[PDB]
Amino acid sequence: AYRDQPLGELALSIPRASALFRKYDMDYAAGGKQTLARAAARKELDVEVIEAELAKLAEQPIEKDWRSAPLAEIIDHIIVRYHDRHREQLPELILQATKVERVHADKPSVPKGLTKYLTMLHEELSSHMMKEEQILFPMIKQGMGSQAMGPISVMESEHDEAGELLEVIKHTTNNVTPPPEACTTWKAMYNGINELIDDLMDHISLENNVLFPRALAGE
Ligand SMILES: [O]
Ligand SMILES: [Zn+2]
Ligand SMILES: [Zn+2]
């Protein structure tokens with residue numbers, strides 16, 4: 001009965017359900033408590049079609065269940081797979097945007113402002129990830145999460161803010177769709193933005209749907 005399960009649960013139990021949700025712009029990362037039925041109702045989408053899509057994906061076995069992994073292992077994975085990867089992706093994308101805005105400034109379809117908006121995202125992310133790595137994650141590792149509800153809600157507010165900056169980047173790039181005039185840098189950059197959105201959503205999902213709720217529950 002997938003329509004009745006929360007998005008976050010579905011994304012964690014069905015391999016690549018996250019990619020299905022991305023296609024429909026369903027926020028499983030910050031909106032993970034919503035039922036699929038609700039999220040579908042909000043978007044005016046046929047849930048039965050989405051349920052069939054999920055059933056086909058569930059045919060693949062699941063590769064690794066983060067729902068049961070120890071919190072310290074989740075944290076080290078976040079740092080290596082997501083935090084450090086964002087520290088490399090974003091500056092690359094900023095450089096590519098700088099060049100595109102420079103060279104194609106006079107094309108009517110150029111994504112004007114993209115360099116600044118990627119830089120804003122990068123700046124918010126850098127300070128956010130440092131708070132996590134230096135202050136919050138160490139306390140969660142020592143089993144102190146159930147006394148950290150204040151801090152954790154602050155981090156979830158910051159995840160929501162990063163979500164808003166993603167929407168701005170989407171808006172500036174026509175939902176990350178290159179015009180017919182785009183060169184290979186411009187196309188590659190848009191592919192990299194999509195990759196960044198994928199990773200960021202999986203990163204935030206892992207924190208909002210697994211790490212933080214388990215830590216608050218006393219792990
Ligand atoms: O994060
Ligand atoms: Zn993080
Ligand atoms: Zn975070």
# chains A, B, ... in the order shown; residues from 1 in each chain; ligands from 1
>>> residues_around(residues="residue 112 of chain A", least_positions_apart="5", cutoff="12 Å", atoms="only C-alpha atoms", output="PyMOL selection string")
chain A and resi 97-107+117-118+168-169+171-174
>>> write_last_selection(atoms="N, CA, C and O atoms", output="mmCIF file, in the first residue's frame")
data_model
loop_
_atom_site.group_PDB
_atom_site.id
_atom_site.type_symbol
_atom_site.label_atom_id
_atom_site.label_comp_id
_atom_site.auth_asym_id
_atom_site.auth_seq_id
_atom_site.Cartn_x
_atom_site.Cartn_y
_atom_site.Cartn_z
ATOM 1 N N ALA A 97 30.007 28.252 -14.375
ATOM 2 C CA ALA A 97 29.040 29.352 -14.471
ATOM 3 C C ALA A 97 29.704 30.702 -14.785
ATOM 4 O O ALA A 97 29.204 31.470 -15.599
ATOM 5 N N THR A 98 30.817 30.983 -14.120
ATOM 6 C CA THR A 98 31.614 32.165 -14.393
ATOM 7 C C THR A 98 31.978 32.268 -15.884
ATOM 8 O O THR A 98 31.818 33.328 -16.479
ATOM 9 N N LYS A 99 32.443 31.169 -16.474
ATOM 10 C CA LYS A 99 32.820 31.143 -17.866
ATOM 11 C C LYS A 99 31.636 31.285 -18.825
ATOM 12 O O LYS A 99 31.704 32.043 -19.790
ATOM 13 N N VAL A 100 30.552 30.579 -18.538
ATOM 14 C CA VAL A 100 29.337 30.677 -19.338
ATOM 15 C C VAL A 100 28.773 32.100 -19.329
ATOM 16 O O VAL A 100 28.525 32.656 -20.399
ATOM 17 N N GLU A 101 28.610 32.683 -18.137
ATOM 18 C CA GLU A 101 28.139 34.070 -18.015
ATOM 19 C C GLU A 101 29.065 35.061 -18.736
ATOM 20 O O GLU A 101 28.582 35.976 -19.380
ATOM 21 N N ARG A 102 30.383 34.839 -18.657
ATOM 22 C CA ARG A 102 31.353 35.653 -19.370
ATOM 23 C C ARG A 102 31.209 35.514 -20.878
ATOM 24 O O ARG A 102 31.078 36.512 -21.567
ATOM 25 N N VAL A 103 31.285 34.288 -21.397
ATOM 26 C CA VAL A 103 31.322 34.088 -22.842
ATOM 27 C C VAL A 103 29.956 34.293 -23.521
ATOM 28 O O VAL A 103 29.906 34.741 -24.661
ATOM 29 N N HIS A 104 28.865 33.952 -22.845
ATOM 30 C CA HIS A 104 27.533 33.980 -23.474
ATOM 31 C C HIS A 104 26.641 35.059 -22.897
ATOM 32 O O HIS A 104 25.417 34.940 -22.916
ATOM 33 N N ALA A 105 27.254 36.131 -22.411
ATOM 34 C CA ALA A 105 26.530 37.229 -21.738
ATOM 35 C C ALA A 105 25.446 37.847 -22.625
ATOM 36 O O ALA A 105 24.417 38.281 -22.126
ATOM 37 N N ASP A 106 25.694 37.877 -23.929
ATOM 38 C CA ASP A 106 24.766 38.480 -24.902
ATOM 39 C C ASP A 106 23.708 37.532 -25.515
ATOM 40 O O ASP A 106 22.910 37.950 -26.358
ATOM 41 N N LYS A 107 23.690 36.269 -25.110
ATOM 42 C CA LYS A 107 22.622 35.385 -25.545
ATOM 43 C C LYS A 107 21.395 35.605 -24.645
ATOM 44 O O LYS A 107 21.517 35.686 -23.413
ATOM 45 N N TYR A 117 24.190 32.745 -7.348
ATOM 46 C CA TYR A 117 23.289 31.853 -6.604
ATOM 47 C C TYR A 117 23.989 30.568 -6.203
ATOM 48 O O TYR A 117 23.748 30.075 -5.092
ATOM 49 N N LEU A 118 24.863 30.041 -7.074
ATOM 50 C CA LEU A 118 25.707 28.892 -6.703
ATOM 51 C C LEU A 118 26.698 29.205 -5.563
ATOM 52 O O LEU A 118 26.966 28.358 -4.681
ATOM 53 N N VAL A 168 15.834 28.433 -6.474
ATOM 54 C CA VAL A 168 16.323 29.607 -7.207
ATOM 55 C C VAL A 168 17.230 29.174 -8.385
ATOM 56 O O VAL A 168 17.137 29.713 -9.477
ATOM 57 N N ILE A 169 18.143 28.222 -8.130
ATOM 58 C CA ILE A 169 19.039 27.724 -9.170
ATOM 59 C C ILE A 169 18.217 27.083 -10.301
ATOM 60 O O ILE A 169 18.486 27.339 -11.490
ATOM 61 N N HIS A 171 15.023 27.755 -11.104
ATOM 62 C CA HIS A 171 14.364 28.867 -11.766
ATOM 63 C C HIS A 171 15.296 29.602 -12.755
ATOM 64 O O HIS A 171 14.907 29.886 -13.868
ATOM 65 N N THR A 172 16.517 29.896 -12.339
ATOM 66 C CA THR A 172 17.494 30.589 -13.193
ATOM 67 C C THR A 172 17.921 29.799 -14.448
ATOM 68 O O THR A 172 18.280 30.396 -15.467
ATOM 69 N N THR A 173 17.831 28.472 -14.375
ATOM 70 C CA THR A 173 18.283 27.571 -15.424
ATOM 71 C C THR A 173 17.130 26.905 -16.201
ATOM 72 O O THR A 173 17.354 25.922 -16.908
ATOM 73 N N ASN A 174 15.906 27.425 -16.045
ATOM 74 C CA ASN A 174 14.729 26.865 -16.706
ATOM 75 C C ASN A 174 14.565 25.395 -16.351
ATOM 76 O O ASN A 174 14.501 24.514 -17.223
#
>>> residues_near_ligand(ligand="ligand 2", cutoff="8 Å", atoms="only C-alpha atoms and all ligand atoms", output="list in words")
residues 78, 79, 82, 83, 128, 129, 132, 203, 204 and 207 of chain A
>>> write_last_selection(atoms="N, CA, C and O atoms", output="short mmCIF file (atom, residue, chain, number, x, y, z; two decimals), in the first residue's frame")
data_model
loop_
_atom_site.label_atom_id
_atom_site.label_comp_id
_atom_site.auth_asym_id
_atom_site.auth_seq_id
_atom_site.Cartn_x
_atom_site.Cartn_y
_atom_site.Cartn_z
N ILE A 78 28.37 10.23 5.55
CA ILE A 78 27.92 11.56 5.16
C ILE A 78 29.11 12.46 4.84
O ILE A 78 29.12 13.13 3.80
N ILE A 79 30.10 12.46 5.73
CA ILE A 79 31.27 13.33 5.59
C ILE A 79 32.04 13.02 4.30
O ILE A 79 32.36 13.94 3.54
N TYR A 82 29.17 12.75 0.87
CA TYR A 82 28.39 13.95 0.62
C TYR A 82 29.11 15.26 0.94
O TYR A 82 29.36 16.04 0.01
N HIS A 83 29.49 15.50 2.20
CA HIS A 83 30.12 16.78 2.58
C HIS A 83 31.35 17.09 1.72
O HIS A 83 31.44 18.14 1.09
N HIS A 128 27.24 25.46 7.28
CA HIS A 128 26.38 24.39 7.79
C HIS A 128 27.15 23.08 8.07
O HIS A 128 27.03 22.49 9.16
N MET A 129 27.96 22.66 7.11
CA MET A 129 28.70 21.41 7.23
C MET A 129 29.76 21.50 8.33
O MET A 129 30.08 20.48 8.96
N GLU A 132 28.01 20.96 11.72
CA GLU A 132 27.74 19.54 11.84
C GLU A 132 29.01 18.82 12.23
O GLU A 132 29.03 18.14 13.25
N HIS A 203 21.73 13.32 0.61
CA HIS A 203 22.43 13.79 1.82
C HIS A 203 21.42 14.27 2.86
O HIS A 203 21.39 13.77 4.00
N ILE A 204 20.57 15.21 2.48
CA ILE A 204 19.61 15.77 3.42
C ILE A 204 18.63 14.67 3.85
O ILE A 204 18.20 14.64 5.02
N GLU A 207 20.12 12.59 6.59
CA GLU A 207 20.13 13.31 7.86
C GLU A 207 18.72 13.43 8.46
O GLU A 207 18.50 13.03 9.61
#
>>> closest_residue(among="A:69, A:10, A:130, A:215", to="residue 148 of chain A", atoms="only C-alpha atoms")
A:215
>>> select_by_dssp(residues="segment 97-180 of chain A", states="alpha helix (DSSP H)", output="PDB file with C-alpha atoms, in the first residue's frame")
ATOM      1  CA  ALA A  97      29.040  29.352 -14.471  1.00  0.00           C
ATOM      2  CA  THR A  98      31.614  32.165 -14.393  1.00  0.00           C
ATOM      3  CA  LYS A  99      32.820  31.143 -17.866  1.00  0.00           C
ATOM      4  CA  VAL A 100      29.337  30.677 -19.338  1.00  0.00           C
ATOM      5  CA  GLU A 101      28.139  34.070 -18.015  1.00  0.00           C
ATOM      6  CA  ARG A 102      31.353  35.653 -19.370  1.00  0.00           C
ATOM      7  CA  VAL A 103      31.322  34.088 -22.842  1.00  0.00           C
ATOM      8  CA  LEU A 114      23.709  31.667 -11.659  1.00  0.00           C
ATOM      9  CA  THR A 115      27.282  32.292 -10.473  1.00  0.00           C
ATOM     10  CA  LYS A 116      26.030  34.351  -7.512  1.00  0.00           C
ATOM     11  CA  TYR A 117      23.289  31.853  -6.604  1.00  0.00           C
ATOM     12  CA  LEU A 118      25.707  28.892  -6.703  1.00  0.00           C
ATOM     13  CA  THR A 119      28.127  30.902  -4.535  1.00  0.00           C
ATOM     14  CA  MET A 120      25.333  31.669  -2.004  1.00  0.00           C
ATOM     15  CA  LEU A 121      24.559  27.934  -1.853  1.00  0.00           C
ATOM     16  CA  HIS A 122      28.205  27.114  -1.410  1.00  0.00           C
ATOM     17  CA  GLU A 123      28.610  29.641   1.417  1.00  0.00           C
ATOM     18  CA  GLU A 124      25.495  28.386   3.307  1.00  0.00           C
ATOM     19  CA  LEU A 125      26.612  24.786   2.824  1.00  0.00           C
ATOM     20  CA  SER A 126      30.196  25.413   4.019  1.00  0.00           C
ATOM     21  CA  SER A 127      29.148  26.967   7.332  1.00  0.00           C
ATOM     22  CA  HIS A 128      26.376  24.386   7.791  1.00  0.00           C
ATOM     23  CA  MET A 129      28.696  21.415   7.231  1.00  0.00           C
ATOM     24  CA  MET A 130      31.261  22.867   9.633  1.00  0.00           C
ATOM     25  CA  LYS A 131      28.693  23.156  12.448  1.00  0.00           C
ATOM     26  CA  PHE A 137      28.098  15.113  14.831  1.00  0.00           C
ATOM     27  CA  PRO A 138      30.615  14.564  17.671  1.00  0.00           C
ATOM     28  CA  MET A 139      27.816  14.809  20.215  1.00  0.00           C
ATOM     29  CA  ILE A 140      25.603  12.426  18.264  1.00  0.00           C
ATOM     30  CA  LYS A 141      28.514   9.933  18.170  1.00  0.00           C
ATOM     31  CA  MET A 149      16.535  18.694  19.942  1.00  0.00           C
ATOM     32  CA  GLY A 150      17.209  22.461  19.805  1.00  0.00           C
ATOM     33  CA  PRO A 151      20.355  22.153  17.662  1.00  0.00           C
ATOM     34  CA  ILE A 152      18.792  19.467  15.445  1.00  0.00           C
ATOM     35  CA  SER A 153      15.776  21.602  14.616  1.00  0.00           C
ATOM     36  CA  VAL A 154      18.188  24.447  13.679  1.00  0.00           C
ATOM     37  CA  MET A 155      19.983  22.143  11.267  1.00  0.00           C
ATOM     38  CA  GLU A 156      16.673  21.052   9.732  1.00  0.00           C
ATOM     39  CA  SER A 157      15.772  24.738   9.217  1.00  0.00           C
ATOM     40  CA  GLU A 158      19.085  25.187   7.431  1.00  0.00           C
ATOM     41  CA  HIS A 159      18.282  22.164   5.204  1.00  0.00           C
ATOM     42  CA  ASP A 160      15.013  23.919   4.261  1.00  0.00           C
ATOM     43  CA  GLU A 161      17.006  27.108   3.395  1.00  0.00           C
ATOM     44  CA  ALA A 162      19.327  25.131   1.131  1.00  0.00           C
ATOM     45  CA  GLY A 163      16.161  23.750  -0.527  1.00  0.00           C
ATOM     46  CA  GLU A 164      15.059  27.290  -1.309  1.00  0.00           C
ATOM     47  CA  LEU A 165      18.427  28.073  -2.913  1.00  0.00           C
ATOM     48  CA  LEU A 166      18.038  24.968  -5.074  1.00  0.00           C
ATOM     49  CA  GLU A 167      14.684  26.294  -6.277  1.00  0.00           C
ATOM     50  CA  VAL A 168      16.323  29.607  -7.207  1.00  0.00           C
ATOM     51  CA  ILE A 169      19.039  27.724  -9.170  1.00  0.00           C
ATOM     52  CA  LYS A 170      16.284  25.718 -10.920  1.00  0.00           C
ATOM     53  CA  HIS A 171      14.364  28.867 -11.766  1.00  0.00           C
ATOM     54  CA  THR A 172      17.494  30.589 -13.193  1.00  0.00           C
TER      55      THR A 172
END
>>> residues_around(residues="residue 5 of chain A", least_positions_apart="4", cutoff="7 Å", atoms="only C-alpha atoms", output="VMD selection string")
chain A and resid 9 to 10 35 to 36
>>> closest_residue(among="A:42, A:56, A:85, A:67", to="ligand 1", atoms="only C-alpha atoms and all ligand atoms")
A:85
>>> closest_residue(among="A:95, A:62, A:7, A:20", to="residue 38 of chain A", atoms="only C-alpha atoms")
A:7
>>> residues_around(residues="residue 43 of chain A", least_positions_apart="2", cutoff="12 Å", atoms="only C-alpha atoms", output="ChimeraX atom specification")
/A:21,23-27,36-41,45-47
